[PDB]
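Some notes on the structure that comes next.
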Amino acid sequence: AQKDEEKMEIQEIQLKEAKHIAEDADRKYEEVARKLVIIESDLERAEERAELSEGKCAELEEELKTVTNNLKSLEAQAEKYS
Amino acid sequence: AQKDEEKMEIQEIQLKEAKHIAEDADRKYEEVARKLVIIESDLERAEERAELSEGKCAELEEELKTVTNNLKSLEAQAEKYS
Amino acid sequence: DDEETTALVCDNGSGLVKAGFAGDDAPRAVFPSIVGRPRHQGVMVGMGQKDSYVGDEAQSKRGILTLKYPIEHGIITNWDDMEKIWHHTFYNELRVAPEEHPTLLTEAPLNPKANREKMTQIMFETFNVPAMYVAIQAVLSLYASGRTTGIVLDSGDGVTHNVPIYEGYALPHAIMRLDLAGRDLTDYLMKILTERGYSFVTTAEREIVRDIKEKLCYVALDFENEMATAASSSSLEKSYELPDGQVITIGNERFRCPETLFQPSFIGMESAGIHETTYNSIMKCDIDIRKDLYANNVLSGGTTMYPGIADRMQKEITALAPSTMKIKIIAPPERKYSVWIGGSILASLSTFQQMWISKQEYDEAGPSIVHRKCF
Amino acid sequence: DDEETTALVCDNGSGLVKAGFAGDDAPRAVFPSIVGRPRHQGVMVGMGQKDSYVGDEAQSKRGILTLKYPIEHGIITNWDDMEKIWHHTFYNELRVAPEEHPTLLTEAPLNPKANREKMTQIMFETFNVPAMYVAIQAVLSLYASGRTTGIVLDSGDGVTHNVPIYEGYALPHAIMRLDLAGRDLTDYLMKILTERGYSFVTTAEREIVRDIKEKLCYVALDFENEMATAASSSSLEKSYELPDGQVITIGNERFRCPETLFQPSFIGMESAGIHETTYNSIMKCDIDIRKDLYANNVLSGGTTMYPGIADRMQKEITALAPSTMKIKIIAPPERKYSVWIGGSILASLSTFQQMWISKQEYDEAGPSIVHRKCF
Amino acid sequence: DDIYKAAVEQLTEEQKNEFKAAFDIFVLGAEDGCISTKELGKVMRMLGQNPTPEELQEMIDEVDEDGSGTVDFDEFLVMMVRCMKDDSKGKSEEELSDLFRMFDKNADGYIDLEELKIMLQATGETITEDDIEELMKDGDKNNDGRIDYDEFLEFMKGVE
Amino acid sequence: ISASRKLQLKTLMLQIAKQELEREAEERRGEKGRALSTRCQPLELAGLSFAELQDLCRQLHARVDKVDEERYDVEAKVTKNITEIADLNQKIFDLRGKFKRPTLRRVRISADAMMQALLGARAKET
Amino acid sequence: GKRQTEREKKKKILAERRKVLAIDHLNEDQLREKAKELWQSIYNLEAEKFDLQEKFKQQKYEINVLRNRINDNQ
Ligand SMILES: Nc1ncnc2c1ncn2[C@@H]1O[C@H](COP(=O)(O)OP(=O)(O)O)[C@@H](O)[C@H]1O
Ligand SMILES: Nc1ncnc2c1ncn2[C@@H]1O[C@H](COP(=O)(O)OP(=O)(O)O)[C@@H](O)[C@H]1O
Ligand SMILES: [Ca+2]
Ligand SMILES: [Ca+2]
Ligand SMILES: [Ca+2]
Ligand SMILES: [Mg+2]
Ligand SMILES: [Mg+2]
């Protein structure tokens, strides 16, 4: 009976410690999950902005190249006209 | 002694159950923490990409304006020669 | 707008259907003319999967479709699909019921009669329009330039035709229609890309090759010099990113694809290039209007948008033509929609308002009315 | 609930049978699929000793049984035992007679026909269900993610298969089925544990090795660095208490057991790992849907629950794939029951309500009805 | 359960004291009258069941108005009765769609403030402008004065 | 406050909408009956000879054919509108499907049965 | 032959809603009853026309709703 009482006491101590550790871990899980959701939303917005910018830049480059080639041809024709 | 030993057995079962709960919570916590750090790095990368794309867009716009001015000059020259 | 009644200027084309109300500057809705049935099995239930995606919707789901154009060379080979395309154009891209709007289709020169008669029969029976009129695709392109003379080379995607016109009097004996166009250039580009390792076979990948052709290819001013330069330096190799990565590098395939226009022997065609069929079309005209046609050569159609074609063609014709005549090539920046702009201008005219084929006239003479006075 | 009739979403699997009524979040009863006859003699009289303990009852008396799984690799090798498992599942774990409930079994891709036909014949003759339908285990896992595209890697315990799907149209020519799964990892772990002195041989001790694998093993982000670290320090050695004491210490066996997934040469298999069969399955698809499949890679099945696999797989695919595409790996926390959740969603749909194989249809065409339109 | 909550709420608030006594009969040792993760887990393990903490947090957050993560006494009753789900399928989709189509008196595809005001004045039930403002906040999510059909479905989620 | 009064107000609004819809539908049905009665020219079946009856029957059969043609045109228009609205619903499904699927609620395991088992009859909720 | 089917179906409506009608060989009572049948057919056709008008209004409203939903979802 004495040994059983000792075991009961140590079990109670261990149970209390484990429960407190578990509750702390659950609270940390909740907070980190919220943080992850926020940062993921921010990353998605940044990605969509970058994609739009890249598309517009590519289109503008194409337009610039076209008009530049046109100007070069026109200048060559002007020299021939001279 | 017998009654206290039964109580000790119940306490031990509950203790090990709480231990399992704590271990699972710790696993979730560390996993989500690693996810958070990875997503933070990804966000930094995306922002850098967006900045580069914006710079490219600006320079292309300026070059297009220059080429348009050159085109106007060239068309005037061409009609004069005609 | 309000009361009154506006005309629908549709333009079937072959490759891009361009439509819009009469009196504007640009077509309201431009979308590829492809109808693609799905080809795989499909396991998700209730996904709302249709049996045929037409127009621009089938250019986004093209990964699991088998796109097939309903117009081969000007002529229409699959009437059900063409009817589907027209129905889509009227109801979803313009959202105007055809019961309250005249229509102005366009047709290539020298096309089979049955095609035109079936077109008018469909427009009058199925869609039940008030009145429709069919016009030759080159006269409109001459309208858009604001000229009244000139010889117009309308190199579309289906067929390239070259109609000379003087003082408003078309010369029917000098129309030179050639069946080389953008589609054959796409096929030839897809065939010469295999010389580097890139194999495109599926009917969906023909669209990717078309995009490559549009964005990279250009017409060389002098062919042999470019062939020599591309074989020594590497200043021409431009790269392009496929829809999944794996960038490709196009070497001297850049100016060899559109060179087929000036040397149709590349794809095995016998006839002469677009640089010599124009000169032949001019020489069939009378001796006193050749100077005006030389000075007012007009380019139109999509395929004439290659960077550097308005100089190669002028150089070639100047080589062929007598040294005294002045050769001028009109290449407006709005080349692609030139036919439709001309169609809008023609439909907006007051003098033209009594040339429509009214429905009661069709009821009295049948579909063969189109060949009659109302041309 | 009340009137009306609910469907039974059973999911045979191989290793854990998961079942429950349609329309819930989690399976009602999950229990190992093992049937173990006793092997010793038995001297107590009247103890009420049965001749075969199935399900979760044989995981408690496993000390004197010889457990044997009735499903080897997706296919079913012992039909009497499988019938016993189904009977237990219906009558004791759910307590609903099958005479009044439709059933929705699940089957791996590319399985023998005879297995599926025998399954439907059993369900219609022995249990006498009103109507049953067989679905591919990957489409359901795609349902559960709420997507409609994506390539799903469903690494179960019997067989790992990789079905790509786009816009609801499955691609039958790009399914890559590989027979490495959780069971082979258990056997390999049991084989490498012998390098420290621990010998597990009995079919009952395979369960203990499975528990060790579940609780301790993890997938290394980089294999060589982990092999070097575990050979110098001792920060990895985690201990575990057997069902009788005598704790054991697992060293670098922790990340060597699940590494077999990415290097199947460890267990002598020729094929490439799960990191390269996904890329091969993608590359067989068309060139225009590869970006979407890259961005929507889905993980499912039990064996994909190793801590740290969603990063190793992403690193590997990013190494293989072109640098421009974005690689994203969807790893929902409810991975294990993903197939069953998808099955519940599919059975709860109204559009799906007419796809069941009704009993009168089976009576008219025999068991070969399953290969017909009712797939 | 929620309908059972409405039926029970028609009685006295000393029934809340009786509920506290029953909760003690369950898990005697309670000290605050609020149900956190630990107490719910303990009572469910005593019963022989275990819902996940994430599900409990979602259930709590859906009713959380003050954003503190807790519940008041009436909110304690609300959270206690929210532990079961009996509002299934949300009445009917087709009938509600027909009702909303009839609501749009000008047939513009949206529900404006004037239409809702007219309908509320025609209802005859004792109402206040504060409840009208709260309903407008709940219904028109993007504050454009108009309800989308999808916004109509969201505003009618879990409504019998 | 809580959502009990909000739900009561919402149910009251739904009841008022249903009653108004029922009354409007009944009024429209009555007006439709009146209009249909007014449209058709009444029969005059007294004092008409045999030849007059035959002539009037032939004229009314011609009128019936014309009305059949009109109703066929109306039906064809209705069929075209049905096809168009079905295609619009298809496009709605395409643009609004994907991840916009509602889900049921079966994740919560039985709770009242445990309450009755561990409480006898002390739980009267369910 | 969808157009041919349409024309033949219109002819079949002409010859079916109005069968081969021989009102010259019927007695006075039969003629009166057939005239009342034709009048009731007119009534039924008008009723179905009004029903189709109601359906057309409902279809227009639902099409507008779908258009608004499409525009907002983008
Ligand atoms: N910017 C461009 N550069 C080169 N080729 C082009 C360009 N745009 C269109 N094309 C070619 O022209 C075709 C479209 O021609 P289009 O004028 O639309 O034909 P249609 O006369 O039938 O309308 C496309 O198939 C494409 O191959
Ligand atoms: N938490 C876990 N960690 C690692 N492996 C696991 C875990 N849970 C299950 N497994 C492995 O997955 C298998 C169960 O897979 P499961 O998805 O049930 O297969 P099936 O597809 O036949 O249902 C088990 O045999 C086990 O080896
Ligand atoms: Ca609160
Ligand atoms: Ca309104
Ligand atoms: Ca709104
Ligand atoms: Mg054209
Ligand atoms: Mg499985």
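What follows draws every value from the coordinates through simple rules; no lab data is involved. For neighbour counting, all protein chains shown are included, and Cβ atoms are generated from backbone atoms with ideal geometry for every residue, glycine included.
Before moving on, here are some points about what is shown:
- Any chance A:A33 is within 18 Å of the chain's Cα centre (by Cα), within 7 Å of another protein chain (Cβ to nearest Cβ) and either β-branched (V, I, T) or assigned to a helix (DSSP H, G or I) (or both): yes
- Whichever residue in the range D:91-110 is among the hydrophobic types (A, V, I, L, M, F, W, C) and closer than 17 Å to D:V134 by Cα and, among such residues, is nearest to ligand 3 (Cβ to nearest atom): D:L104
- Scanning the range C:123-137 for residues that are within 15 Å of C:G13 (Cα to Cα) and assigned to a helix (DSSP H, G or I) turns up just one, C:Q137.
- Unique match (being touching a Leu at 6+ places or on another chain (Cβ under 9 Å), small (G, A, S) and away from every other protein chain (no Cβ under 14 Å)) among D:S271, D:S232, D:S265: D:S271
- Of everything in the range E:5-30 that is part of a loop (DSSP other than H, G, I, E, B) and not hydroxyl-bearing (S, T, Y), the residue that is surrounded by the fewest Cβ atoms within 10 Å (Cβ to Cβ) is E:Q10.
- Odd one out for E:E133, checked against (1) surrounded by 15 or more Cβ atoms within 10 Å (Cβ to Cβ); (2) within 16 Å of ligand 5 (Cβ to nearest atom); (3) more than 8 Å from chain F (Cβ to nearest Cβ): (1)
- When the residues of the range C:79-122 are filtered to those that are assigned to a loop (DSSP other than H, G, I, E, B) and in contact (Cβ under 8 Å) with a residue 40 or more places away in the chain, the one that is nearest to C:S155 (Cα to Cα) is C:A108.
- Among the criteria (1) touching a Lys or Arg at 6+ places or on another chain (Cβ under 9 Å); (2) crowded, with 16+ Cβ neighbours inside 10 Å; (3) not charged (D, E, K, R), the one C:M283 does not fulfil is (2).
- Of the numbered criteria (1) within 9 Å of another protein chain (Cβ to nearest Cβ); (2) out of contact with any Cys (no Cβ under 6 Å at 6 or more places or on another chain), the one G:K19 fails is (1).
- Listing of helices (runs of 4 or more DSSP H) fully contained in the range D:285-352 that carry 1 or more residues being within 30 Å of D:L8 (Cα to Cα) and more than 18 Å from the chain's Cα centre (by Cα): D:338-347
- The listed residue being buried (at least 17 other Cβ atoms within 10 Å of the Cβ) and closer than 16 Å to E:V159 by Cα, out of E:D98, E:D2: E:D2
- Taking (1) out of contact with any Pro (no Cβ under 9 Å at 6 or more places or on another chain); (2) more than 21 Å from C:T304 (Cβ to Cβ); (3) not in a strand (DSSP E or B) in turn, C:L140 satisfies each apart from (2).
- Selection within the range A:13-48: residues that are of a type outside the set (A, V, I, L, M, F, W, C) and touching a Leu at 6+ places or on another chain (Cβ under 8 Å). The member of this set that is farthest from B:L43 (Cα to Cα) is A:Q14.
- Residue, nearest to the chain's Cα centre (by Cα), within the range C:264-279, restricted to residues that are loosely packed, with under 14 Cβ neighbours inside 10 Å and not small (G, A, S): C:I267
- Only one of A:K80, A:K19, A:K3, A:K72 that is of a type in the set (K, R), crowded, with 17+ Cβ neighbours inside 10 Å and more than 33 Å from the chain's Cα centre (by Cα): A:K19
- Of all residue pairs spaced 6 or more apart or on separate chains, those with beta-carbon atoms under 6 Å, a first member in the range D:132-143 that is within 11 Å of chain C (Cβ to nearest Cβ) and a second member that is away from ligand 7 (no atom under 14 Å from the Cβ) and aromatic (F, W, Y) are D:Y133/D:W356.
- Whichever residue in the range C:188-223 is loosely packed, with under 15 Cβ neighbours inside 10 Å and within 17 Å of the chain's Cα centre (by Cα) and, among such residues, is farthest from ligand 7 (Cβ to nearest atom): C:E214
Conditions (1) away from ligand 3 (no atom under 16 Å from the Cβ); (2) within 11 Å of chain F (Cβ to nearest Cβ); (3) in contact (Cβ under 8 Å) with a residue 24 or more places away in the chain, marked per residue:
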| residue | (1), (2), (3) |
| --- | --- |
| E:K20 | yes, no, no |
| E:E39 | yes, no, no |
| E:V43 | yes, yes, no |
| E:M46 | yes, yes, no |
| E:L56 | no, yes, no |
| E:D74 | no, yes, no |
| E:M80 | no, yes, yes |
| E:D86 | yes, yes, yes |
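- Filter pass, D:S281 being farther than 27 Å from D:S60 by Cβ and among the small types (G, A, S): yes
- Matching residues in the range C:115-168 - criterion: being within 16 Å of ligand 1 (Cβ to nearest atom), among the β-branched types (V, I, T) and touching a helix residue (DSSP H, G or I) at 6+ places or on another chain (Cβ under 7 Å): C:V134, C:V152, C:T160, C:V163
- Criterion applied to F:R106, F:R39, F:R71 was being of a type in the set (K, R) and within 14 Å of chain D (Cβ to nearest Cβ), and the one residue passing it is F:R106.
- Of note, A:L43 does not satisfy the criterion of being buried (at least 16 other Cβ atoms within 10 Å of the Cβ) and under 30 Å from B:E5 (Cβ atoms).
- So D:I317, is it of a type in the set (A, V, I, L, M, F, W, C), in contact (Cβ under 8 Å) with a residue 24 or more places away in the chain and either more than 21 Å from C:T66 (Cα to Cα) or away from chain C (no Cβ under 14 Å) (or both): yes
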